[PDB]
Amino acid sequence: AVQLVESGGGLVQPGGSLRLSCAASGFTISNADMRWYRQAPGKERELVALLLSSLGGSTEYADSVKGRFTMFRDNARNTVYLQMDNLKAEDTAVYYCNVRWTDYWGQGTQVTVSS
């Protein structure tokens, strides 16, 4: 069985930071392509960041989060991360961690930004 466990969501004031982790089981993320989605209520699931082993480890970000979110991995720890800085209200959503081309999803973690 593949497992994805996310952590690091929570309450944060606008401008704040959060680090999201996705610990993986049953594959090695050093060959996988990993994606971070977020889902606000009402709105649609939007893709937010990618780490592509297919591209040699490169990193790609949605326009809204470019320059504030940073995706990275710890191969030793088989864990992928999303560092979110300078958070805005529009970042409030459930964040999901996903293996590209699979129905392997994390449980989701909740990010809420409010003053």
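The first residue of the sequence shown is number 1, and the count goes up from there.
Visitor: Got a sec? Mean C-alpha B-factor, which is higher, 54-62 or 34-42?
Guide: Taking the mean B-factor of the alpha carbons in each, 34-42 is higher.
Visitor: Which third, lowest, middle or highest, does the C-alpha temperature factor of residue 70 belong to within its own chain?
Guide: Within its chain, residue 70 is a lowest-third residue by C-alpha B-factor, going by the deposited values.
Visitor: Within this chain, which third does the Cα B-factor at residue 87 fall in: lowest, middle or highest?
Guide: For residue 87, whose C-alpha B-factor we compare with every modelled residue in the chain, the answer is the highest third.
Visitor: Please place residue 22 in the lowest, middle or highest third of its chain by C-alpha B factor as given in the entry.
Guide: Its C-alpha B-factor, which the entry lists for residue 22, ranks in the lowest third among residues of this chain.
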